[PDB]
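These are the residues of each chain, in order.
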Amino acid sequence: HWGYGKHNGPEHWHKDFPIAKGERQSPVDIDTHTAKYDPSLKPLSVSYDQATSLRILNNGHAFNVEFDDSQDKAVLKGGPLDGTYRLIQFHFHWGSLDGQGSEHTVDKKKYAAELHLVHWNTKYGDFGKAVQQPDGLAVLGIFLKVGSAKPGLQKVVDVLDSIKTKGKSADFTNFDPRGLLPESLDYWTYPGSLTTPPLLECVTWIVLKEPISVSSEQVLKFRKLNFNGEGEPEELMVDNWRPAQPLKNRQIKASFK
Ligand SMILES: [Zn+2]
């Protein structure tokens, strides 16, 4: 099975998922000087007031905080998007040390981690149908740097001991993802892909310029999770990020001057 090791990591994925070498793969390096301000881009509309979190799952690659996406409760619209995208889950990618962990990079800078809030276009009816469409998903990416604690992250941190190993889940109701946002919704956007297999080219990426700060102690608890299942040889869940892929024939647009 694919993973993040020397034997099954990102440089191997193309053998089972040949789209790994495709024309619109993610993540990418964001060259801030080349990204063009697009005055036609709209403000993001992030409407999370009615978000209903249900569960947190260690899936062996990261942990997902899952939402009720059976109705328009938490939606993303505006920005570069046409129509309405429903929040299904969020997860993170992070490093073994603070100097790596993000998937996107900014002028080759790697952040300690990257949050992905995953949304699907309701015009396709279900997530499985949306991932088959070039405008099926919108992923909001938020960088994490290490400094001050993020108070709105601590409820996530404190449940991780209960989902240490692959295939463990826990009830995770009433979590408000608004506590993970930075102040500014200034963003970069480009067309890309899922950053894990099956690497489908179905994502409009929206990457916020302003990182959030988390504490060293918060990210250290991410790094105590396990890739392995219960009782198996312990493999710390660290460095679960795909490196930047070729930009090819794409433009990164900025919402801001
Ligand atoms: Zn992700």
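- The protein is annotated in the PDB entry as Carbonic anhydrase 2 of Homo sapiens.
- In the PDB, the structure is listed with the title "Carbonic anhydrase II in complex with Hit4 (MH70)".
- Annotation of the protein in UniProt includes, under Subunit (literature references left out), the sentence "Interacts with SLC4A4. Interaction with SLC4A7 regulates SLC4A7 transporter activity. Interacts with SLC26A6 isoform 4 (via C-terminus cytoplasmic domain)."
- UniProt lists a comment for the protein under the heading Sequence similarities, and it reads "Belongs to the alpha-carbonic anhydrase family."

A few points about the pairing of strand β5 (residues 63-67)
Here is step 1 of the chain: Here β5 lies mainly inside the structure; 5 of its 5 residues are buried.
Here is step 2 of the chain: Side-chain alternation along β5 places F63, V65 and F67 on one buried face and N64 and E66 on a second face that is also buried.
Here is step 3 of the chain: Count of turn residues in the strand β4 (residues 53-58)/β5 antiparallel hairpin: 4 residues, of which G60 carries a positive phi of about 90°.
Here is step 4 of the chain: Taken together, the 2 bridges between β5 and strand β7 (residues 85-94) define a ladder with antiparallel strand orientation.

Things to note about the environment of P18
Here is step 1 of the chain: If you trace the backbone, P18 turns up in the segment before β1 (29-30).
Here is step 2 of the chain: Among the residues examined, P18 registers a relative accessible area of 61% and is labelled exposed.
Here is step 3 of the chain: Residues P18 and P198, 180 residues apart in the sequence, show an inter-C-alpha distance of 9.3 Å.

Comments concerning the UniProt feature "binding site: substrate" in the protein
Here is step 1 of the chain: With numbering matched to this structure, UniProt assigns "binding site: substrate" to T195 and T196.
Here is step 2 of the chain: Taking relative accessible area as the criterion, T195 reaches 5% and is therefore assigned buried.
Here is step 3 of the chain: A polar contact of 2.7 Å, which involves the side chain of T195, links it to the side chain of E103.
Here is step 4 of the chain: With respect to the secondary-structure elements, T196 resides in the loop between β12 (187-192) and β13 (203-208).
Here is step 5 of the chain: Take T196: its relative accessible area is 15%, and that puts it in the buried class.
Here is step 6 of the chain: When residues no more than four places from it in sequence are discounted, the contact partners of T196 are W2, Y4, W13, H61 and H93.

Definitions and limits used
Residues numbered from 1 in each chain as written, not as in the entry; some residues may be left out. Heavy atoms only, no water. Residues with missing side-chain atoms left out of burial classes, pairs and counts. UniProt positions renumbered as here; feature names shortened; annotations may be inferred. Buried < 20%, exposed > 50% of the residue type's maximum accessible area, 1.4 Å probe, protein only. Helix = DSSP H or I, 4+ residues; strand = E, 2+ residues; numbered from the N terminus. Pairing = 2+ DSSP bridges. Polar contact = N/O pair within 3.5 Å; in protein donor to acceptor, adjacent residues only side chain to side chain. Contact = heavy atoms within 4.5 Å.

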